[PDB]
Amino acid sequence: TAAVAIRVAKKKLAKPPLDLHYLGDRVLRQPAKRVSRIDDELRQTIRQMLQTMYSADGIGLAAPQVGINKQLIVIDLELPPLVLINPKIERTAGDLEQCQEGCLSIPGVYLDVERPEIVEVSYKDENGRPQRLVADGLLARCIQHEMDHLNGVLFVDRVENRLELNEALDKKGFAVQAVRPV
């Protein structure tokens, strides 16, 4: 019986509860383990992910980014957050759209990424109930970005412009050698 409620305030925190890892760190390149059990301990991790996300001003956060090797994502675009546990992309749709992306694991780097406009995903929610969602726009983009993290893929991997990739990584102190093919 769940006893942990997910009721997280959106606040800057002096000391975020979970620690980010950044491009080059091998934790970002490890395909995430399935979540075995959706219990109250997992809900507290969810709370801490949301607190960490909000404090860093993100709209999504995947557990590998904070060194937790689990198929777990939290998303909140709104000015009730979405929790995806063991998600699967069922298919994509629409046209391929190129938009600017950033990542909390690659601070300061903004580059164009082409993705399908629309995504359908199946997942278990924070109460263990199976759900399915179809998304478009920024939500579809964030979902695909986060699912990338669960598979060890980072947005820089999808960037086609070598000049802009190298310049942006250079200006922010990251190594192009940390980039991987898709």
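Quick note: we count residues from 1 along the sequence shown, nothing fancier.
Of the two segments examined, 103 to 111 and 87 to 95, it is 87 to 95 that shows the higher average Cα temperature factor in the deposited entry. Note on 172 to 180 vs 3 to 11: mean CA B-factor is higher in 3 to 11. Looking only at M53, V119, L138, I38, the residue with the top Cα B factor in the deposited structure is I38.
Among the modelled residues of its chain, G128 has a C-alpha B-factor that falls in the highest third, as given in the PDB entry. When the modelled residues of the chain are ordered by C-alpha B-factor, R26 sits in the middle third.
Ranked against the other modelled residues of its chain, the C-alpha B-factor of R47 as given in the entry falls in the middle third. When the modelled residues of the chain are ordered by their C-alpha B factor, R34 lands in the highest third.
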